[PDB]
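Only one chain comes next, encoded as structure tokens, the form deposited in one PDB entry.
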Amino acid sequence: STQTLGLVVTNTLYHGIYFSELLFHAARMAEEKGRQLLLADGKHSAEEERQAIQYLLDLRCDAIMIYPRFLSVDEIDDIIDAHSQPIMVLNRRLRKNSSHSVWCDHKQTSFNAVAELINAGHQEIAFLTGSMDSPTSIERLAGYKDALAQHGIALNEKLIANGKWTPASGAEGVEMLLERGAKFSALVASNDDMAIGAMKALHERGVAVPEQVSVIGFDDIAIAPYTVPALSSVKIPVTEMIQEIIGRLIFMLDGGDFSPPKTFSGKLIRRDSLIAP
């Protein structure tokens, strides 16, 4: 051991609070356990993310933590197999070395939130995706589909619009949906930023929220109760996920007592933006 902890900086600053919380807690744990915290720049590709892991392995960090934007889960499994130093993965699910990853069931989480809309009487529900290549975005669209299929609703492909996680893309998403004449009493945006953009575009086109269109988001950002109307959103337990990944790492390095690996999912917080049609 070198008494050294590694963290890959990825292009995920501002994409929820995952990275900054990971950073905060990893800094805290490193100081408490008396080890050095090293940063590596993962830059802007899968190869560069791998290089950043490799650089920390070469300097012989006892452990490495990463929330990967480009580097696939399968490639990381291979790196974990090749090295005795634990590589911890946040917000992804590893197939082989699953105890090295802490994840949230974004598919089931989306399902449940869409199911609550159906149970409140919404039959025609629009969906605004995040980025096409985003694992979380793929899972949230899957959960939406799965919820429609299990409640006997036919998949209307007109009701699904592409987004980019940004407020602009949320406004554009509504703009697209209204132009192709899609009809809906509810809209699910894949994050709160897109939802606020969606609500803005709906307001500017004379569509009442929640009276005509109910709106939900994901993230439960601090701003959400203070929108007009107050934004219903799915809270993800990010802090608990971070505490889980740190605790799991402490055990892998130092031992001590064991805690049964938790699984995580979110919950919809109903607010003024969601009613029954």
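Rigid core: the largest C-alpha set superposing within 1.5 Å between the two forms. Numbers follow the displayed sequence, beginning with 1.
Notebook entry, point to check: Is the mean CA B factor in the deposited entry higher across 114 to 122 or across 85 to 93?
Noted result: The entry gives the higher C-alpha B-factor average to 114 to 122.
Next item on the list: Report the stretch with the higher mean CA temperature factor, choosing between 216 to 224 and 51 to 59 on the basis of the entry.
Entry: According to the entry, 51 to 59 carries the higher average C-alpha B-factor.
Notebook entry, point to check: If you rank the chain by CA B-factor, which third does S99 end up in: lowest, middle or highest?
Noted result: Middle third by C-alpha B-factor.
Item checked: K200 CA temperature factor, ranked by third within the chain -> Middle third.
Next item on the list: Ordered by C-alpha B-factor within the chain, which third holds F19? Give me lowest, middle or highest, please.
Entry: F19: CA B-factor falls in the lowest third of its chain.
Check: What third of its chain's C-alpha B-factors does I79 belong to: lowest, middle or highest?
Finding: Middle third, going by the recorded CA B-factors of the chain.
Note to self: Quick check for you: using the entry's CA B-factors within this chain, is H44 in the lowest, middle or highest third?
What the structure shows: Highest third.
In what follows, reference is made to the form deposited in another entry, a form of this protein that is not presented.
Checklist line | Large Cα move at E31 between this form and the one not shown, threshold 2 Å, rigid core | finding: Shift of 2 Å or more: yes.
Next item on the list: Establish whether a shift of 2 Å or more occurs at the C-alpha of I216 between this form and the one not shown, with the two forms superposed on the rigid core.
Entry: False for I216: its C-alpha shift is below 2 Å.
Notebook entry, point to check: Is the C-alpha displacement of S45 equal to or greater than 2 Å between this form and the one not shown once the rigid core has been superposed?
Noted result: Yes, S45 moves 2 Å or more.
Note to self: Please check whether, in the other entry, the CA atoms of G16 and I223 lie closer or farther apart than here, given a change of 3 Å or more.
What the structure shows: Relative to the displayed form, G16 and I223 move farther apart in the other entry - a change of at least 3 Å between their C-alphas.
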